[PDB]
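Residue-level structure breakdown
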Amino acid sequence: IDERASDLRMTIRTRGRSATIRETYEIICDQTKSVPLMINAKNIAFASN
Amino acid sequence: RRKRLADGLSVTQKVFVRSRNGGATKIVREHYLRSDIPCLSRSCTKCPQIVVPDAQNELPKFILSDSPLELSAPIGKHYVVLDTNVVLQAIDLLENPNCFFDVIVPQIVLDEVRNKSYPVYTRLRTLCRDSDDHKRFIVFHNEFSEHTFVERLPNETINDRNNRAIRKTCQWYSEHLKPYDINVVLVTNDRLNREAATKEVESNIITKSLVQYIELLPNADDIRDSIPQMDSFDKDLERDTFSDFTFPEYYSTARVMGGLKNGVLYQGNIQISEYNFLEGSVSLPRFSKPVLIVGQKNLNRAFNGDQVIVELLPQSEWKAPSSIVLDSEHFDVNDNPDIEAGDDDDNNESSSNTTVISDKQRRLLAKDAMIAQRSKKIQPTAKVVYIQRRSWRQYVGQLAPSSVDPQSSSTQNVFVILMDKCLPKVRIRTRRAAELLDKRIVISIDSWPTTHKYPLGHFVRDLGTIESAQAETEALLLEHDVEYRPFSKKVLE
Amino acid sequence: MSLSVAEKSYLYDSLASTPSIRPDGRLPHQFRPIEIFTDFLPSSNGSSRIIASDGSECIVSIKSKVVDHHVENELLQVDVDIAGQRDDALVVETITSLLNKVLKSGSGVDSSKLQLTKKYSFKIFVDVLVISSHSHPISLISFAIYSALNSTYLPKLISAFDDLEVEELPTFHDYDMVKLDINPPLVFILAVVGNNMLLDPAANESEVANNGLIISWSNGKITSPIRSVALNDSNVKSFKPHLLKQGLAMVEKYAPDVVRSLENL
Amino acid sequence: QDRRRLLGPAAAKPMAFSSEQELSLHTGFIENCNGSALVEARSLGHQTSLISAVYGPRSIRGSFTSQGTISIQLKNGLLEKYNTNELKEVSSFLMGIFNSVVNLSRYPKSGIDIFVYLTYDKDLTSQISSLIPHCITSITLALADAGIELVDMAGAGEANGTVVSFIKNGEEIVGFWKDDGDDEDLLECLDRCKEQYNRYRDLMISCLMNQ
Amino acid sequence: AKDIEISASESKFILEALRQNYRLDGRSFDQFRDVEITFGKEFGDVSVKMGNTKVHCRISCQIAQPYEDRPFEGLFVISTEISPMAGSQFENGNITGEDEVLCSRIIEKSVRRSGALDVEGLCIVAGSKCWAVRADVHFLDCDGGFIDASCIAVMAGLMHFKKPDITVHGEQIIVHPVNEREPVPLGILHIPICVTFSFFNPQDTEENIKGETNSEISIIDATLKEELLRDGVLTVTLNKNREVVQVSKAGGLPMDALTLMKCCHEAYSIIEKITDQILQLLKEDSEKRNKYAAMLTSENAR
Amino acid sequence: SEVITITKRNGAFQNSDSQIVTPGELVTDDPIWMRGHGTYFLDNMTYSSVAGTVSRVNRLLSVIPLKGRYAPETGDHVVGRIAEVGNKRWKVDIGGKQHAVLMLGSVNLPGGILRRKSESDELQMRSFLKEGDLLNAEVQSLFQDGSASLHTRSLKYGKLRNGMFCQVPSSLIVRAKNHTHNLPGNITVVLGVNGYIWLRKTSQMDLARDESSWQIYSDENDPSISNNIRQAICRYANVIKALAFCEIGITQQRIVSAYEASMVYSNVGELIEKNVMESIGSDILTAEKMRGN
Amino acid sequence: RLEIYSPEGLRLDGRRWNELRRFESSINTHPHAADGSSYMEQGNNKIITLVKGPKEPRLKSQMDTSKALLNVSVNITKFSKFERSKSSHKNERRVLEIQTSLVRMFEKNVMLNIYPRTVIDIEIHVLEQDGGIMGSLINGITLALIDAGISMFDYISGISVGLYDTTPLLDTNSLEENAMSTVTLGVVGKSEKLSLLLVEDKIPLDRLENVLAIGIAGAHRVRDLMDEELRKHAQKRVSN
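Residues numbered from 1 in each chain as written, not as in the entry; some residues may be left out. Chains lettered and ligands numbered in written order. Part of a larger assembly, values for the part shown. Heavy atoms only, no water.

Going by what the PDB entry lists, chain F is known as EXOSOME COMPLEX COMPONENT RRP4 and is assigned to Saccharomyces cerevisiae. UniProt lists a comment for chain F under the heading Sequence similarities, and it reads "Belongs to the RRP4 family." (UniProt positions renumbered as here; feature names shortened; annotations may be inferred.)

Looking at the PDB entry, one finds chain D named EXOSOME COMPLEX COMPONENT MTR3, with Saccharomyces cerevisiae as its source organism.

So this is what it looks like as structure tokens:
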């Protein structure tokens, strides 16, 4: 997230009637790094029938 | 384009572009034209035949007379036509019956002034309704007269056309009035009309200065005064900017942090004054003295009792105490709410309140300013540069009457007037507006944008009526965070 | 099918011989009578009603919004909707694809007649209603889009926007419109029945044809999209390189005249 | 959410972001289907695997139909993202080729359900043009394995985003696609794609020869 | 779906019963069946029974995104989805759905379009967060009376309903449990109650249409057989303030304005009666919920 | 232009009294008239029911439609096509309000005159006549449903083959019992009462007036249709679209005069253009005025 | 915001309190592939109707011995507003609601009795709306059915009234619709018997007569244009 995320604007909604200018949070994801899933191994099962 | 439908009825289309957020939407307004517009006057001979049935089962009555106000030659007996600037600049003289006897409101004029300031509009409609024998306002229409209609051409602006429509209304109606000898005087206060008269264009109109008409009349001569709108006036009252819009943006996060570190930003709780919205004071405890927050853009989207970071200004800019009082009853009460929707209503976040305040309000700001320069006790002065911390709550209030039409059941944008006097008038939009006028309301605040000078709220819930003692007792409970419900299911255990 | 077995053989014979006579009786270079009616919505940027001789009718309508183009890679959106078909039958969506690709930016159509400063593009919302179909629509839609996009009026910019003018949204002149010039492709449909290549099939012809070739004319030349199509399921055959080269040659000759007659009403 | 499927939280939004080829064929490797084929193509550019499965001849009784028909589903890959409309176009394209190659007259009241799975396409370096040889290779194999009649094996090349499909040893063309190629490629492409078709022709014939 | 096949003799018989001025139930043409309101052990569970016609409504709320056009209002969505417990002519959600739409639409026209539930105050944060209130109306038995019963089930359901007390700070909403603090009831602006006049022709259409006679049999509150057999309908909805909230008239027997307004006037007495009945029933269930709440009052005298 | 015709228009979507064309308006209160089609009543007061003129058809002064769907009658001979094949009847599309019925006791058949078919099966029906096949069949009895029982029973009746389809409104051709005839260049038109027109080369059945018995419903397109034969049929069908365009009656003589007038233009695709269709209809009217009918 | 009316009898269109909008119509807009058609202008509500059929359906379940099946499809395209319709509307309750209303109503106006084993499809394509649209759609249907030769008893004529307290304003636009309670009504023939009364908003019951009575007059006024239009067309095609 950017500096002053809580004051970034949304100007996407139009043709209101109020609440057509506001803050919003906007958050991109970057996969140049990816940390691996933290998982409960004990709770891994494998099935049968 | 203009095309026959029926006997003395023809239609035309006006297509124009409106932009809401890059919207680019062509709006088509069909405008019907009829020769059936009354002149509203007892000097008119054929006007009996012109009037038509209405909802009230009656042919519209006359309110303008066969004796209007009379001045020396070549003026004679004269109907006063008012320009668009004149309605804003001269409003109290209008409310006086002493110098404005027989008045024609162009309909194009009534449209412009209603969009800028809806109070001025409503008051003027009420003056029209409660007209008598000595302050007689009528509206004459000409957007819908087929002999006073104007086109809109390429390679010009809407202001040029708006002024042309009035020039054409005068020459039309002054010609028709010649067998009865009643002259039309356009009393104007806009630079495009006054210098159109001077360069010579037409000579079939008496065109007058606002001040020149006033100064001949000895009942208003110097008693009530006015300025040009900004044709030859430029603010130096207490404003310096032409626009009231645009509250500053906050200092960015690290730019705060670095300023706290290096000890150039100070912080404390802004304790706003209950008598002023412009005079706020922070308790900065490396001083004994209140540190003053003065003027709209130093306040920086304040709310009461917030943790505010403030940077000091130089001793050169440091003020002395201010003696005036402002409230939501005498200030901003001929400013109106921003319109953000509609097909012929504003769709912009500016050019709604470029200036529409009263003469009284102008003179009070001005007088503060004259005292302020011989006032003593010059002490620390600042601008809020960040709101560290919020203090929103549910706030009680009541619905403004002159920012709403009671008849109208429309989704009206209208002000909540809070009972805490440390915040301004709060904008909301509601299709319950008539309902809510008699009732004490609860809004909360949503946000304050950086483009508007009034917060955005939303309506939460209703309390009872304002006559009700119970309802006042309850509102005061809500405001001061005092819970009134019976104690819960778990309490009893 | 909806024709007779007898009818289809007569046609096949008729068309497949040297003269290639057909119910209209056109030589292969000729086109049926079409009628262009325009500008009937005062609410839209531009609009188009085209009535063809088989009684097929397309109505094509142009609406807009101005948008930042650096968060977009599309400028023209086609929505096709055919009366009596739903919004997701195979043919409807395949027509939407074809048309979106014909009108794709920087490919046979301008992406610089739709921009008013180099940060702001107008996103043109092409919205197509087919009033009656019983023959293929795409050629008629192509022709309707041409007349439309040369009847497309846009808002005229108030003032010459830069991309650093003040860094706020562009804002239009109140009344004054800019004429939109822009040359869209024209899709032309060719039909193969034996070794005979014929411009512009009628309904009847489409039902006996082996295959057709959809090709488009942009900017004084032929260009992509190129696509073959099979205009039945049940009278289908294959074709030769030489016949595909003769259909190139035919459009190159007979296309220009048509664009110039269609341009000025 | 929806009544036919679980779609989880709906105010949630996706993540924002930061012969030159070898075709090796396989068939008859999974069962619940009348015939299946597998085509994996490796190239410098991109490696891809396409699965196909063909279901039926099926009877579609309660109506008499003049002749049979062919119905093509393309299914969006699990690592490739395309618009639904493009898949429709390509489905429509492939149907019109197959209409011409599959003989349809030995089978009254027929509908055939063809599934094209465009599972994996991966770049090591439009796009939809490039995989058209591979779709046509896959589906043909499948119609052959099942015992569905065919005029000639169908097969195509891609030269410069241009796809030309031929039957009869390069002699006849059963389809043409050009999308975002260059003006006047015609001779280069036809020559280049003939080579490609003759080359993958025999590969399919040799897959069918191990069974 | 599969429909009930009645005889010609049935069709003749029920008309003749109206003509000779009786009813099957022993009712009058202007008599509405007694509605009993059974409030749940939870807020917004209402069982609404009118004779054999059995309908239920359960209310739910959730946190939801406003819509693009008006983000300064919340959401009312009415599910009047019907499953076979009344017949087999209603099955599997929507399968024809003509009746679904009409009942759903009229209830929306009543509560959201006109107001009878506050919507402005459903915005927790304007343009971000709002309440969505979902009315799910499920019929378990039907013996006609469809719209009338459904409406009462929507308004009693909404009046008994209550929603989590919420505190906002920023855009973070602290949702508070319904044992933790006491949940807040919805805002009610009006009380729409419907009365459905089912119109039966003693003539045939052609004699009706350019005749001017009124001899049309006006009945309310039809039975199942009556619902199927009606030639026409007027559904009119009023509130207990002499205003007509909504009217749906669109097909069936035409009527003079005087006769339509007659209808309205009759319904106006009948809706105060149902409204009254509803008021005093709500109270007595509320008294039992209030029994120690009265003790633990914080609004007390000085 | 040379290659296309465009009727050019821009700026708009498109380009007295008469006898009772609104129902809800008082035709008559007489109780002896207006009892028939296109009326309804309360009492005897009859308020119309359709749009059209009042005129006496049969024995009764009655509202008569202005235009509408084709209406069958007994003695009509119509050209029309199979919509459905059943286990006992074909459903025939004549362009009416519902479909007309054609059934097994009412059908001549190739291979004899009635042979090659020993049981009812939906298959055996289907082999002769496929959906969409076109065939000239006469109205055997008109029923009050709408439905018309048809019959084919001559060796001239049955399938129409070797031709091209043409079609018009059914009210801009003459209403007669028969209108099927030879025209010059030795093509035959087969022209029903229903607006469907087949134009074919003169074959044995139409050549015998100035037949077949294994070709009654058997598919067969002769290889002996030649160049000039085909062009004659394109020109013939075109000139018929000129009189259609011009909203006048079609009589056999109008077609022959039209055909000859059209030959100032040397190419046949120039005769579907509007300017020419108006000239051709103008010539024929001009001939009607000079001649005296 | 804005005036909706004044004591001077004007609007911002400039209509009078019992004045109608621009009524333009013309019939036969598809006379090559649709059995009857008509184009309806009321204001800027631009409605095209086609009637296709009477024709037998090729599905047995749609066949009915006792009367024709009637289908009314109300299609609303994505350019009827000022902006591009983001939503799907041909699968919405609002539109199915209009469908269910027009069909049940015209089902009794039209005689389907004289068309057994038939299906009729009325296909109503909206090109623009600017409000007063619910009464405008009825009117377009009425001209389509009379053109198609489909028998009927009467003309239903749709008209809207917006009540500005006690002030009834005949015919409506976008402003009038969104700023007060609107009534929509239809009358069949020159009768006082109403086919359709539709109210979406609080209209008082005490004033219920005032808005309908002016509307039943106002309806008669629409119906004579429809006749005049039609007989001017029928006279043309009986001279030739």
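Once you've had a look at it, read on.
**Notes on the sheet that holds strand 8 (residues 172-178) of chain D**
Taken in spatial order, the seven strands line up as 10(C)-9(C)-11(C)-12(C)-8(D)-7(D)-6(D) in an open sheet, and their pairing is antiparallel. At either margin of the open sheet sits one strand with a lone partner, and together these are strand 10 (196-199) of chain C together with strand 6 (155-159) of chain D. Neighbour-to-neighbour, the strand axes of the sheet open up by a mean angle of 30°, direction not taken into account. Against the sheet, helix 2 (residues 90-102) of chain C contacts strand 9 (186-193), strand 11 (211-218) and strand 12 (221-229) of chain C together with strand 8 of chain D, and its axis sits at roughly 165° relative to strand 12 of chain C. Each of strand 6, strand 7 (162-167) and strand 8 of chain D touches helix 3 (residues 186-207) of chain D; the most contacted strand, strand 6 of chain D, lies at about 140° to it. (Pairing = 2+ DSSP bridges. Helix = DSSP H or I, 4+ residues; strand = E, 2+ residues; numbered from the N terminus. Axes fitted to C-alpha atoms, helices over the stretch in contact; angles between N-to-C directions. Contact = heavy atoms within 4.5 Å.)

**Brief notes about the arrangement of the chains**
In this assembly, 16 pairs of chains are in contact, and the pair contributing the most contacts is chains C and F. Between chain B and chain D there is no contact; the minimum C-alpha to C-alpha separation amounts to 20 Å. In this assembly chain A lies apart from chain F, the nearest approach of their C-alpha atoms being 29 Å.

**Thoughts on the UniProt feature "domain: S1 motif" in chain F**
Mapped onto the present numbering, the UniProt feature "domain: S1 motif" falls on residues 73-153 of chain F. Each end of residues 73-153 of chain F is marked by a C-alpha atom, and these two atoms are 18 Å apart; helix forms 9% of the span and strand 38%.

**What to know about the packing of aromatic side chains**
Tallied over the full model, the rule gives 27 aromatic pairs over all chains. Here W172(B) and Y173(B) contribute two aromatic rings whose centre-to-centre distance is 5.8 Å and whose plane-to-plane angle is 10°, an arrangement assigned as stacked. An aromatic cluster is built from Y79(B), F140(B), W172(B) and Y173(B), whose rings are joined through pairwise contacts. Its end group placed over the ring of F13(F), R49(C) keeps NZ or CZ at 4.2 Å from the ring centre. Here the basic side chain of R81(F) rests over the ring of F165(F), its NZ or CZ set 5.1 Å away from the ring centre. (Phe/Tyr/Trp six-rings, centres within 6.5 Å; stacked < 30°, edge-to-face > 60°. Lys NZ or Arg CZ within 6 Å of the ring centre and 35° of its normal.)

**Examining the pairing of strand 2 (residues 45-50) of chain E**
Residue and element names in this part refer to chain E. Of the strand pairs in this sheet, strand 1 (residues 35-39) and strand 2 are connected by five bridges, and their pairing is antiparallel. Counterpart to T38 in the pairing with strand 2 is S47. Hairpin connection between strand 1 and strand 2: a loop of five residues separates the two successive antiparallel strands, and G44 in this loop has a positive phi of roughly 85°. Relative to strand 3 (residues 53-64), strand 2 is paired through six bridges, and the arrangement is antiparallel. In the sheet register, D45 faces strand 3, and the bridge partner there is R58.

**Describing the pairing of strand 6 (residues 120-132) of chain C**
Within a regular strand, side chains alternate between the sheet's two faces. Residue and element names in this part refer to chain C. Of all 13 residues that make up strand 6, 13 are buried, and the element is covered over most of its length. When strand 3 (residues 57-68) meets strand 6, the two strands line up antiparallel, connected through 12 bridges. Paired with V60 across the two strands is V128, which belongs to strand 6. Alignment of strand 4 (residues 76-82) against strand 6, held across seven bridges, turns out to be parallel. When the bridges of strand 6 are listed, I82 appears paired with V130. (Buried < 20%, exposed > 50% of the residue type's maximum accessible area, 1.4 Å probe, protein only.)

**Concerning the sheet that holds strand 11 (residues 279-283) of chain B**
Residues and elements named next belong to chain B. Spatially, five strands are ordered 10-11-12-14-13 in a closed barrel, and the strand pairing comes out mixed. Averaged over neighbouring strand pairs, the angle between their axes works out to 55° when direction is ignored. Here four bridges tie strand 11 to strand 12 (residues 291-294), and the two strands are oriented antiparallel to one another. By the bridge assignment, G280 is partnered in strand 12 with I293.

**Regarding the environment of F149(B)**
All names here are of chain B. By the secondary structure assignment, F149 is in the loop between strand 7 (136-140) and helix 6 (158-177). Counting along the chain gives 182 residues from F149 to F331, while the straight-line C-alpha distance between them is 39 Å. Not counting residues up to four positions away in its chain, the partners in contact with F149 are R2, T12, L33, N142, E143, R161 and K168.

**Here we look at the interface of chain C and chain F**
Between chain C and chain F, the residue contacts involve 42 residues of the former and 43 residues of the latter. Of the roughly 3,600 Å² buried between chain C and chain F on both sides combined, carbon and sulfur atoms contribute 57%. When residues of chain C are sorted by the area they lose upon contact with chain F, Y10(C), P33(C) and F37(C) head the list and together hold 19% of the total. Summed over the shared surface of chain C and chain F, the number is zero salt bridges. Linking chain C with chain F are 12 residue pairs in polar contact, by the criterion used here. (Buried area = accessible area lost by both parts, 1.4 Å probe. Salt bridge = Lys/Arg side-chain N within 4 Å of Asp/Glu carboxyl O. Polar contact = N/O pair within 3.5 Å; in protein donor to acceptor, adjacent residues only side chain to side chain.)

**Side note on the interface of chain B and chain G**
Of the residues lining the interface, 49 residues belong to chain B; the matching set on chain G comes to 36 residues. Of the roughly 3,600 Å² buried where chain B meets chain G, counting both sides, 46% is carbon and sulfur surface. Taken as a group, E30(B), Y32(B) and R34(B) account for 16% of the area that chain B buries against chain G, more than any other trio of residues on that side. In this assembly, chain B and chain G are joined by five salt bridges. Between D36(B) and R16(G) there is a salt bridge whose closest N-O contact spans 3.4 Å.

**A word on the pattern of salt bridges**
In total, this model carries 102 salt bridges over all chains according to the counting rule given. Note that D54(C) is salt-bridged to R32(C), the shortest N-O span being 3.7 Å. Here the residue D54(C) occupies a position in the loop between strand 2 (46-51) and strand 3, and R32(C) occupies one in the loop between helix 1 (5-16) and strand 1 (34-38), the gap between them amounting to 22 residues. Its relative accessible area of 25% is what places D54(C) among the partly exposed residues. For the salt bridge of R105(E) with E108(E), the shortest nitrogen-to-oxygen distance reads 3.5 Å. One end of the pair is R105(E) and the other is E108(E), both in helix 2 (residues 98-113) and three residues apart, which spans about a single turn. Residue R105(E) shares its accessibility class with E108(E), and that shared class is buried.

**Re a negative patch on the surface**
On the surface, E252(C), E184(D), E188(D), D191(D) and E195(D) cluster together into a patch of negative charge. Ranked by residues supplied to the negative patch, first place goes to helix 3 of chain D with three residues. Within the secondary structure layout, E188(D) lies in helix 3. (Patch = residues over 30% accessible without salt bridge, like charges linked within 9 Å, V, L, I, M, F, W, Y side chains within 5 Å. Areas by Shrake-Rupley, 256 points an atom, 1.4 Å probe, with all protein chains shown as cover. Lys, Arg positive; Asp, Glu negative; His and termini not counted. Charge placed at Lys NZ, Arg CZ, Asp CG, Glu CD.)

**Focus on the state of the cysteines**
The final tally for this structure, using the stated rule, is one disulfide over all chains. Each sulfur in the disulfide pair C44(B) and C47(B) lies 2.0 Å from the other. The sign of the 85° torsion about the S-S bond sets the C44(B)-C47(B) disulfide as right-handed. Accessibility classification places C44(B) together with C47(B) in one group, the buried group. With no disulfide of its own, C170(B) lies 13 Å from the sulfur of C39(B), the closest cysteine sulfur. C103(E) supplies the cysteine sulfur nearest to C142(E), a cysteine that is in no disulfide, at a spacing of 10.0 Å. (Disulfide = S-S within 2.5 Å.)

**Things to note about the packing of helix 2 (residues 227-245) of chain F against helix 3 (residues 252-261) of chain F**
For any two helices packed against each other, one specifies the inter-axial angle together with the distance between the axes. All names here are of chain F. Contact geometry for helix 2 and helix 3: axes closest at 9 Å, N-to-C directions at 110°. Considering their axes alone, helix 2 and helix 3 lie roughly perpendicular with respect to each other. Like other packed secondary-structure pairs, helix 2 and helix 3 cross with a definite hand, here right-handed. Every residue of helix 3 that contacts helix 2 at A232, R235, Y236, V239, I240 and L243 is listed here: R254, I255, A258 and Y259. Here the residues of the contact of helix 2 with helix 3 sort into eight nonpolar, no polar and two charged. (Parallel < 35°, antiparallel > 145°, perpendicular 65-115°, else oblique. Left-handed = near helix turned anticlockwise from the far one by under 90°. Nonpolar A, V, L, I, M, F, W, Y, C, P; charged D, E, K, R; others polar.)

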